[PDB]
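In structure tokens, one chain follows: the form deposited in one PDB entry.
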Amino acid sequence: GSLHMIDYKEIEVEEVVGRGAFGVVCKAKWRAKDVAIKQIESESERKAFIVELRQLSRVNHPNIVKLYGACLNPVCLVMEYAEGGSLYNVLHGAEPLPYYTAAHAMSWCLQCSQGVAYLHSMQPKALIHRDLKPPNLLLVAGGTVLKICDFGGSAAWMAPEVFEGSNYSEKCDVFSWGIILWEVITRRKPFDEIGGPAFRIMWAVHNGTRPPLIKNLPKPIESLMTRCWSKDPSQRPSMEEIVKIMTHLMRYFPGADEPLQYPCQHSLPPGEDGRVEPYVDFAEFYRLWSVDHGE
């Protein structure tokens, strides 16, 4: 239907907690709850907030941040406080990082595709994310439930047709999603080795460069991953196809519901040979798979 009204004086604003694509997001409280709000940096970016609100009023899905309300006091949005921060932090952030498992890796990606597919299926016209990357993916329920935010995006995750200002579509989000699958399995910043300014990744990716292949990555996941990387957007699978495939694969990745609670001391062997090592472990997957099939 449509969104709630929340005057700014009812909100109890606390510290900043991750600047978005254009605005700025902060921790806050509202009516005996924990809440996160975003406000305009300058008045010049008022236009986007009006476009954002009409979209977010329509969206309602478990893998998308639940908007509570808004106002035009200092004009702001009011969301659910994701206790676990962004996925980017979990993967690459502060000194003590959480241990996670292959089950978590796939669960997150599955949940992300469920959200993106909800947006792709939207009527009367589809919503393309464009800016799809871990800093925009948030985690709740002890790191178990993943949620998307910020619609309407560094080069590392951008599909190559977006660089060249060409007639892109929903398939660019699929490319991004492919990169994230590599990122969570390996726990590596994609194209970190290239470095330099953004245009050097864009050149590299535009010429064919993709992240390295992962050692002992099951073929089913490898082919899905590499198909999402297709230079040709039409050769990439729909997000609805990815949701189906991932769902099926989750049978061989039990224990996704276990909260993150174990510390992790990680060297992460930098020596990029031909391939790289996964951070997660696929032994349990091969085991369970072998039980269903032959090998």
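Just count from 1 along the sequence shown to find any residue number. Just so we're on the same page, rigid core means the largest C-alpha set that superposes within 1.5 Å between forms.
What follows is about the form deposited in another entry, which we do not show.
Chemist: Superposing the core, which one of 72, 198, 213, 126 shows a C-alpha shift reaching 2 Å or more between the shown form and the other one?
Modeler: Among the listed residues, the one whose C-alpha moves by 2 Å or more is 72.
Chemist: With both forms fit on the core, has residue 34 moved 2 Å or more by CA between the shown form and the other one?
Modeler: The answer is no; the displacement is under 2 Å.
Chemist: Comparing between the shown form and the other one on the rigid core: C-alpha of residue 46 shifted by 2 Å or more?
Modeler: True for residue 46: a C-alpha shift of 2 Å or more.
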